[PDB]
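Presented below is the structure to which this report refers.
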Amino acid sequence: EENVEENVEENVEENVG
Amino acid sequence: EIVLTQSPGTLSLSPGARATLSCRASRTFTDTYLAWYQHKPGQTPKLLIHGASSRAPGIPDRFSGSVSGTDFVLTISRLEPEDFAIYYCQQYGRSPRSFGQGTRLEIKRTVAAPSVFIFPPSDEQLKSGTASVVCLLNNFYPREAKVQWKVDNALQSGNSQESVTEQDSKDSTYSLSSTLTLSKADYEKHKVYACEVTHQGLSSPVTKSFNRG
Amino acid sequence: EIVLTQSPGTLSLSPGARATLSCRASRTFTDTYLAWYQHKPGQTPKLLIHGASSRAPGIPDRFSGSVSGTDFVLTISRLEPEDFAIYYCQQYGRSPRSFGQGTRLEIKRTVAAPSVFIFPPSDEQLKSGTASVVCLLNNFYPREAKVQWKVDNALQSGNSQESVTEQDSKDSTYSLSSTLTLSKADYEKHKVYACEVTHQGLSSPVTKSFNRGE
Amino acid sequence: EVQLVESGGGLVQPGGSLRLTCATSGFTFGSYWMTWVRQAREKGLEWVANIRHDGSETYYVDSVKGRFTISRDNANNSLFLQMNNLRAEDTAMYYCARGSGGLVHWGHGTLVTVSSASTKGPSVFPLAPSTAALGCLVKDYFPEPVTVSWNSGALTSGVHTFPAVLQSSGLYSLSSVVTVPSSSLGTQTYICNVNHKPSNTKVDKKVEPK
Amino acid sequence: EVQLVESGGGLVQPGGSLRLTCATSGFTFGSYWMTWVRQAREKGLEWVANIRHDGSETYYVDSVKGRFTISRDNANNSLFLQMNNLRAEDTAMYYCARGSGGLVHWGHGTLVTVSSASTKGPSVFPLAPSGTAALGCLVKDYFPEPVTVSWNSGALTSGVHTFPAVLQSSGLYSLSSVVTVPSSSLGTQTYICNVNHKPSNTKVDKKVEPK
């Protein structure tokens, strides 16, 4: 319960550049 | 990144009342990896609620949490004298697992007036090469106050520092002290020094002053 | 714009080996918006690595990812028998958020022998107008195998199709099946049919046959 | 409990149109990006399109630009992929996935087939045994898929249902076999259960020695 | 019992280094994520870094990237925080906590002070008087914290307000203590504030007389 892993960022905006 | 902003800045309630503390995010919440912490000055921080709505072991039942949309709320049903502290929310789903800026939960009482005093700089410090004037505010409520320095009635800024005590364990009031500091040469350059105090318990800005050059 | 190429296409290693799966780009990566997937047959793909070097929640310690320059590598430190499937990389910072072509991971195993069988066409199919003969290879390793159709004794070509299963989870072997499809007339022009199976794990070509064809 | 259920897939002729729908539950649909991913037969995974949580941005793979349209109804928890002017190479299994980065939650997918051929039910033929092996020949059906089970799901060991093969006529055919000891040549009955939902075909074929 | 003990850290100059150690016991160390958290004066709690159970993944807050390094030795039950190129804004109390989510078990916390200032004792000045009467002592220009203040060797403890110190631009702390008394004990009773500054071994006793 104390070991929260690095969760996924599921809302990735579009990158420009 | 998702930024957590807590509301209100300072919460003023009396023992036995119902407390509601907010924690709003930059975007809509998408998980339950949220926590509430209690922190008293000089004491170790303490977890109250994890998983947005689960009480940590040992936490009394009067603490409950819930998350909905863009607001993350901590609820204290009836305020115990041991509950007045600083409260931080936190997200821990992924990096950065940042906290909120904090909410000060103070005790509510009747409006009191600050008994303002003033002290001229002692001659012992003048021999060093500097002078510092002090303006005292004693036992008042609420914590909000504003003092100004006007050397020869000319608004002074960028040369003062203020300090506030904790809420008294009996009077439930605060105490403020502003220290104006300027060069010894700039001290004898003028003659009239004063500090104006503005507070709710004051019908008009009182000004205890001195004129010793 | 930027395309991803996974090397190799097929990779064969023993259990407990160290797997180094590569995913190269046309130009050097400018972000860590890369991922790795594991696609086992019959299930949906499973996210393994996100952010180029972070494990997804619930992913064991042996899976790890890293990126440097133009190489995006997934590492499986100790290959367990279950960690054998198809692996795709993916970019997801900019559209098109495309995958690579994928890399198959095969389990190495001691060479096994194909127990060859044969099946004649049923009379129910004969009255329909066509005839299908089935040659079965059950549980064999490796995948390389050669199956020929021998109507009487003249070699047949251009009239059969083969279908290979995938590696079993228990046996870690394969299974092949060739189907000789000929018209009812050509099934009447001859009488004897046989499939000769030549396999590396076979000391000699095994030939299971049937007669009564007409 | 994140649920993604695709629908609207089936058999369509070249140039026809088809509308895919992804019903969602277990999360706030309007808070996430959504993505469509397809995989063709014996091909790799292909990203098709994605859409912003508010529907203000849509992106597509080049092969579908001008023909496919992704959209959403945040009030109905539904995601749509309008497919127009369908080419044969658009035949694949189409998957619904939440988000736009590392795809964690996937749907089960719906099969979209683009061909001029008509729906045909399969012909199930026995494979007579002579240890011993026996099977069933599921021949000439369209479109995919076909599901085969032995003894109503009782024989789950040693069974190998081979993947389908596309024949010259444009129809599919597969075979499912299972190995058994010769002691059960007559004392145990062996019946293969074949189901082809695209044509509502269900066949229970008993395999007997010749 | 879960035990977390932070050690290391202290006074350092800008650009200096400090290595924090969090010696743990009472639980399987290599089975838990570990986290560093800090809190600076007059500011809120700040999440700094955490590390996976096997140390294969580390994450940091932006302000410490490239300068701080979190590490662990699972055979020694020790969590580390190598702090390089320290800044004045790094001055805070540093806690180590178990896990990576809701932090239940905290350590007591160690204090890290980063400043170009040097050790200096305070200069005590009086705040002479001139309802009741107000008097006090101005404890000015000392480094580092803290300073203890008492009145009449601890006999006058009621009505005394010792403020929290303010950090001046020069890098030195300034303190003011006050007390209110009636005008009856103005000339009869003599009031002497007792100032103690241990990091400089400076003890000052100044009498405040009404002028």
Side-chain angles (χ1 to χ4, degrees), chain C residues 114 116-138 145-152 154-165 175-197 207-214, chain D residues 117 120-130 132-142 144-146 148 150 159-179 190-194 196 199 201 203-210:
Chain C
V116 182
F117 295 83
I118 193 175
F119 299 95
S122 60
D123 299 326
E124 291 71 15
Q125 187 190 358
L126 292 177
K127 60 187 300 298
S128 64
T130 47
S132 294
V133 185
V134 186
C135 191
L136 168 61
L137 293 74
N138 200 307
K146 180 187 184 65
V147 172
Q148 308 165 129
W149 280 111
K150 295 291 186 176
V151 169
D152 178 63
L155 178 61
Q156 296 291 331
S157 177
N159 56 343
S160 64
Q161 291 180 312
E162 310 172 18
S163 182
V164 188
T165 193
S175 294
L176 192 139
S177 66
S178 61
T179 296
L180 192 64
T181 56
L182 285 179
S183 179
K184 184 185 178 65
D186 294 15
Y187 186 72
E188 298 174 353
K189 190 179 172 298
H190 312 81
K191 187 160 294 183
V192 178
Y193 310 88
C195 49
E196 303 182 0
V197 173
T207 302
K208 303 302 175 60
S209 182
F210 77 98
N211 292 344
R212 208 169 302 175
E214 85 293 23
Chain D
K120 182 177 184 301
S123 302
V124 180
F125 299 118
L127 298 179
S130 294
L134 79 171
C136 277
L137 176 74
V138 178
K139 185 179 177 55
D140 300 329
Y141 60 90
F142 196 91
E144 295 258 51
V146 161
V148 183
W150 291 89
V159 180
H160 292 309
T161 297
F162 297 88
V165 181
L166 185 61
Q167 301 172 138
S168 55
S169 57
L171 301 185
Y172 287 99
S173 178
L174 62 82
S175 50
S176 172
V177 297
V178 52
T179 52
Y190 292 137
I191 301 180
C192 73
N193 308 96
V194 183
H196 186 248
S199 68
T201 295
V203 179
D204 294 326
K205 201 72 173 183
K206 181 179 181 178
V207 186
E208 302 175 357
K210 63 170 185 173

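Chain A is the first sequence line, chain B the second, and so forth, proteins listed ahead of strands; every chain is numbered from 1. Computation of the quantities below employed the complete heavy-atom set of this structure, encompassing side-chain atoms and omitting hydrogens, waters and symmetry-equivalent molecules.
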Check: [Y] main-chain N/O paired with [X] side-chain donor or acceptor under 3.5 Å:
X	Y	answer
D:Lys120	D:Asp140	yes
C:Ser163	D:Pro163	yes
C:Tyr187	C:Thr181	no
C:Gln161	D:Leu166	yes

Any heavy-atom pair between the side chains of [Y] and [X] that's under 4.5 Å?
X	Y	answer
D:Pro129	D:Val207	yes
D:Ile191	D:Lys205	no
C:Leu155	C:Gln148	yes
C:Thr207	C:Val197	no
D:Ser173	D:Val138	no
D:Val146	D:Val194	yes
D:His160	D:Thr179	no
D:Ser176	D:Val159	yes

Give me the atom names and distance for the closest heavy-atom approach of [X] to [Y].
X	Y	answer
C:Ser183	C:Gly129	OG-O, 3.9 Å
D:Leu171	D:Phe142	CD2-CB, 3.7 Å
C:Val147	C:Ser178	CG1-OG, 3.4 Å
C:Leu126	C:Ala131	CD2-CB, 3.9 Å
C:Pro120	D:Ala128	CD-O, 4.4 Å
C:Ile118	C:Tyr193	CD1-O, 4.0 Å

| query | Step by step, would you call C:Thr179 with C:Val133 a side chain to side chain contact (heavy atoms under 4.5 Å, CB included)? | reply | CA-CA 6 Å; C:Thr179 296; C:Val133 185; over 6 Å; no
| query | Taking everything shown except D:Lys210 itself, do over 12 heavy atoms lie less than 6.0 Å from its NZ? | reply | yes
For [X] and [Y], which I'm curious about, is there any donor-acceptor pair between the side chains at under 3.5 Å?
X	Y	value
D:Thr201	D:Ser199	yes
C:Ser177	C:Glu162	no
C:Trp149	C:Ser157	no
D:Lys139	D:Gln167	yes

| note | When rounded to the nearest 0.5 Å, the distance separating NZ of C:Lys150 from CD of C:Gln156 is 9.0 Å
| message | Between D:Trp150 and D:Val178, does the side chain to side chain contact (heavy atoms under 4.5 Å, CB included) criterion hold? Intermediate values first, please. | response | CA-CA 9 Å; D:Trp150 291 89; D:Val178 52; 4.0 Å; yes
| query | Residues two or more places apart in sequence or in another chain: which of them pass ring-ring contact (aromatic ring centres under 6.0 Å, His included) with D:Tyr141? | reply | D:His196
| Do C:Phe210 and C:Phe119 have ring centroids that are under 6.0 Å from one another? | no
| message | Could you check whether C:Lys208 makes a cation-pi contact with C:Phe117, meaning its NZ or CZ is under 6.0 Å from the centre of the six-membered ring and within 45° of the ring axis? | response | yes
| said: Go through it in stages, so that I can follow the logic: the residues are D:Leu127 and D:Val177, the test is side chain to side chain contact (heavy atoms under 4.5 Å, CB included), and I'd like the CA-CA distance, side-chain angles, deciding distance and then a yes or no. | reply: CA-CA 8 Å; D:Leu127 298 179; D:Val177 297; 4.1 Å; yes
